[PDB]
Structure formats: structure tokens, C-alpha cells
Amino acid sequence: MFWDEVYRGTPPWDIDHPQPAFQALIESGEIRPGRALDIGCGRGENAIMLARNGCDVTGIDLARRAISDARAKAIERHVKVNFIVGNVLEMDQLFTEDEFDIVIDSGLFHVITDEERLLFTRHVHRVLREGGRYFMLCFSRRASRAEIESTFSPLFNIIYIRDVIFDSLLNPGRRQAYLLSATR
Ligand SMILES: Nc1ncnc2c1ncn2[C@@H]1O[C@H](CSCC[C@H](N)C(=O)O)[C@@H](O)[C@H]1O
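Residues numbered from 1 in each chain as written, not as in the entry; some residues may be left out. Heavy atoms only, no water.

As named in the PDB entry, the protein is Methyltransferase domain-containing protein, taken from Methanosarcina acetivorans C2A.

Undergrad: Lay out the packing of helix α5 (residues 117–127) against helix α6 (residues 142–152) in plain terms, naming residues and giving numbers.
TA: Across the interface, α5 lies against α6 with an axial gap of 10 Å and an inter-helix angle of 60 degrees. Here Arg117, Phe120 and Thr121 of α5 lie close against α6, whose contacting residues are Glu147, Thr151 and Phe152. Looking at side-chain class alone, the contact of α5 with α6 contains 2 nonpolar, 2 polar and 2 charged residues. (Axes fitted to C-alpha atoms, helices over the stretch in contact; angles between N-to-C directions. Helix = DSSP H or I, 4+ residues; strand = E, 2+ residues; numbered from the N terminus. Contact = heavy atoms within 4.5 Å. Nonpolar A, V, L, I, M, F, W, Y, C, P; charged D, E, K, R; others polar.)

Undergrad: Give me the lowdown on the sheet that holds strand β5 (residues 128–139), citing residues and values where you can.
TA: Strands sit in the order β3-β2-β1-β4-β5-β7-β6 across an open sheet of 7 strands; the sheet is mixed. Pairing within the sheet leaves two strands with one partner each, and these edge strands are β3 (82–85) and β6 (157–167). On average, each strand axis in the sheet is inclined to that of its neighbour by 20 degrees, with strand direction left out of account. Of the strand pairs in this sheet, β6 and strand β7 (residues 174–183) are connected by 10 bridges, and their pairing is antiparallel. By the bridge assignment, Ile165 is partnered in β7 with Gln176. Most of the contacts of helix α2 (residues 20–27) go to β6, to which it runs at about 120 degrees, and overall it touches β4 (100–106), β5, β6 and β7. Its contacts with the sheet put α6 on β5, β6 and β7, and the angle it makes with β6 is roughly 140 degrees. (Pairing = 2+ DSSP bridges.)

Undergrad: Can you lay out the site of the ligand for me, pointing to particular residues and giving the numbers?
TA: Near the ligand, the surroundings consist of 15 residues, among which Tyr7, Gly40, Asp61, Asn87 and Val88 are the closest. In the environment of the ligand, an oxygen atom lies 2.6 Å from a nitrogen or oxygen atom belonging to the side chain of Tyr7. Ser106 is positioned with one of its backbone polar atoms (N or O) 2.9 Å from a nitrogen atom of the ligand. Surface burial for the ligand is 93%, taken as the share of its 570 Å² of free accessible area covered by protein chains. Here the residues of the shell around the ligand sort into 7 nonpolar, 7 polar and 1 charged. (Near = heavy atom within 4 Å. Polar contact = N/O pair within 3.5 Å; in protein donor to acceptor, adjacent residues only side chain to side chain. Areas by Shrake-Rupley, 256 points an atom, 1.4 Å probe, with all protein chains shown as cover.)

Below you can see the structure in the form of C-alpha cells.
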């Protein structure tokens, strides 16, 4: 399966630290610690950072190798995180509605197929608590912001879309990104 193949190596988003956009949300107090879900969590850096800052954290990813490596990191860093193999489009089998204070999405929405985009937003909306926060980080230009807005505004109250930086292993390193903050 494609995502098993990418985690045979180190893809360009697979940095050795959490994304600064999410870490800044924690360090500024914009996010208050709570029950958090990291969808498409990859090798777990953002989920582990959330857990080290007092969140009760679950991470889900399709790729068993990413989940296994994420568990290894959690053990290495003496942090408790529930890392599970699973499909975000089947979360009605894994989580309840209204369960999570925080859902973070670091590059998952970016790779959801256009056919499944509406189903994706419904699953995310379902597991977010009333008044919870969905944070979605993706690559940015002008139409990138317009499609984020059109995709999420039916189901979510959009709080903001913010220009931020994204760390990567690419040869410019720091790239341009958009951060969506939204509630239900
Ligand atoms: N339907 C799906 N359900 C759960 N995870 C998925 C998925 N489709 C793709 N993914 C996962 O989504 C991730 C996007 S890459 C982002 C990885 C991680 N959040 C990071 O910032 O490093 C990949 O790890 C991929 O395996």
C-alpha cells in the first residue's frame, strides 16, 4: 500500500522535531491541554510534543511502520501516547462523536482524495467536541486559501487561516504553509 512504501524511507516531512506551527500554538497558550487526536500522525513528533505539554493524546495513521516507529519514539522519550493503526475515513469504528478537545492535522488533509474530501470533513466534525479546535497545517497561494475555506466552512466555524512556516527536509528547508483553525 502506498503509505507503507513511503515509510520504508524518510519522506520530506519526516523531520526530527514537531512542526513549529503546532509547537507555537502550545507554547503561546493558544491551545489549552486537553484530549487530542493527531490524524495521519506519521512518526509521531507532533503527538509526542502535545503529550509532553499535558494533552491526553491519540495518534492514528494508515501505515503500521509509522505507528510502530512512533511508539518507539514515545518509549524513548518516556511519554504516553496511544498510537494506533487506522483509517481516518473509518473513525466511526474507533472513536465516539464529541470525543476530542483538539484535532491536529499536519499534512493529512493535503493528501485526501477529492472524492473523499466531504467524507473526511464529516469524520473530523463527528469526533470533535462542541467548541473544540481543529488545526490543519498544509502547503500554501490565493486559491489554496479559497479551497480550504470552501471545504471546511459548511461544517466548521472557521476561526482563521494563517500564513505560517513549515519545516521539511527539502533543500529550501523552511517552506510556506497555511494553518487553519476551526471549531464546530
Ligand atoms: N486515510 C488515512 N487515514 C489515516 N492516515 C492516513 C490516511 N491517509 C494518509 N494517511 C497518513 O497521513 C500522513 C500524511 S504525511 C503527515 C505525517 C505527519 N503528520 C507529519 O507531520 O510528519 C501519512 O503519514 C499517511 O500515512
